[PDB]
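Next up is one chain by itself, shown in structure tokens, the form deposited without cytidine-5'-triphosphate.
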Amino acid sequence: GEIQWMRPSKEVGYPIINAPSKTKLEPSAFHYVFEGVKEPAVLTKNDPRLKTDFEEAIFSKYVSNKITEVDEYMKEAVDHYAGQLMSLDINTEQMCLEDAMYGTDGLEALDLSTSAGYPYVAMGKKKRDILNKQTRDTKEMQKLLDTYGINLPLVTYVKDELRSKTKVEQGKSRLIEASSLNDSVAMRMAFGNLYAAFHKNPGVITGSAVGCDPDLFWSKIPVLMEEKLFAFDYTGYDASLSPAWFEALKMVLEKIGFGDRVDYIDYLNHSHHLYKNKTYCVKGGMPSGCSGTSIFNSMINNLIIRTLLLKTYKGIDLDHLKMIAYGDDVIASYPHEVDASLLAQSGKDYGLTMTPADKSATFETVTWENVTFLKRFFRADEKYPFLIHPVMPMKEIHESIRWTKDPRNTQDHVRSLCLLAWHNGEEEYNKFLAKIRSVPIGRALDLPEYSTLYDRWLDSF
């Protein structure tokens, strides 16, 4: 990820974008009943809590490109992984516009709330104006695809989410590059079946966990894993991807019968953006708000791990590599132990910043007792050990519950948190409910009791 040039949108014939100046996050009914050190992210240059410059901070995520081309290791990584994906026998056909828009088995319908992108965000035209979940009309879109084509700029928003005290004072706010509806729709027709295959097959064959149900999936993971687990964290993964990874991705796509439309990847790779009154071209780096971002990040992560293993451990048997990635987050295993610290060093060769798994000071052995995936620990059930609980630390939940974007969505936001919470144990869950019910709002909510959640869970297998 590296900016090639940047300048006023007017110079290249583009208008200005009105990204909202105020956060939607405000203290919830539970703000003072729970403990949390997070605050809404910095959105504009004006925020009094800023210590260092704002503009610089947000864009500093674009490092540079350490590699240009695809080497021998990467090529073999491509072969191996492409080889696995073929066993799924994925439908290489294109997906009709209807499904691409309003869903189908394996793919949810377009998110009616998220940004519509250029040129719509500049005409004041929203998504609710182009779609009907009941009419399932496509004449609207169809006309718009003919009118503004594809390959449109990515409108760039500052993400409205909670952040640590440090990251707020250093303006370390994350960016959302939202693709135009046209691009999103197009890509969905182009790769819909691929996405669906992935969602319907979370595991070690896809090497993906996208679209999984952790309550159920956790019990499968251990079985799918080889004897020795290894993991690490990435720093600014999306932005650190060099154009070469995208090439390898195209190679994979091409090998699985999608060669036909690998150009779409070029669009993600060598991207064109709009932010406020500026416009910039970016070389490398996966844009965050695009159709397929997760899946593609996950696919690349598969290639990354393989590449590093080939480089670092010549002779390795990739067929005995069991990994599951969700974007940059990953859980992997091998019959023999591996040294993540080595892999991290080889990582830098490919422009990758790999650090000890879960902010650990130094690389330590990964065990079922200390490993996390999607922020969750794995804890065998006390009564039925063959069933595994996805355990989200309470800290995370406490943080989340203290804020709110919409007072009407409180019922669901709390309800959601419970589905996460109860895995921490009955004593823990009850304390949580106790705290919730200490305030008028939380008392008027409709939440499930521990035993209820636990039974529904057992019944679910």
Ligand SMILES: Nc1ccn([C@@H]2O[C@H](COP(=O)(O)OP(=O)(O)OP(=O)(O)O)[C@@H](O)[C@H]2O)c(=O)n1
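The numbering used is simple: start at 1 and walk along the sequence shown.
The form solved in complex with cytidine-5'-triphosphate exists for this protein as well; it is not shown, and the discussion that follows is about that form.
Relative to cytidine-5'-triphosphate in the entry with it bound, residues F30, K165 and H398 are all farther than 4.5 Å at every heavy atom. Among residues of the shown chain, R376 is not one whose heavy atoms approach cytidine-5'-triphosphate to within 4.5 Å in the entry with it bound. The closest heavy atom approach of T235 to cytidine-5'-triphosphate in the entry with it bound falls within 4.5 Å.
In the entry with it bound, cytidine-5'-triphosphate lies within 4.5 Å of some heavy atom of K359. At a distance threshold of 4.5 angstroms between non-hydrogen atoms, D99 is out of contact with cytidine-5'-triphosphate in the entry with it bound. Judged by heavy atoms within 4.5 Å of cytidine-5'-triphosphate in the entry with it bound, the contact stretch among the candidates 139-147, 377-385, 166-174, 91-99 is 166-174.
Contact with cytidine-5'-triphosphate in the entry with it bound, judged by any heavy atom within 4.5 Å, is made by just one of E247, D183, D328, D215: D328. Contact with cytidine-5'-triphosphate in the entry with it bound, defined as a heavy atom within 4.5 Å, holds for exactly one of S291, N193, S288, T279, namely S288.
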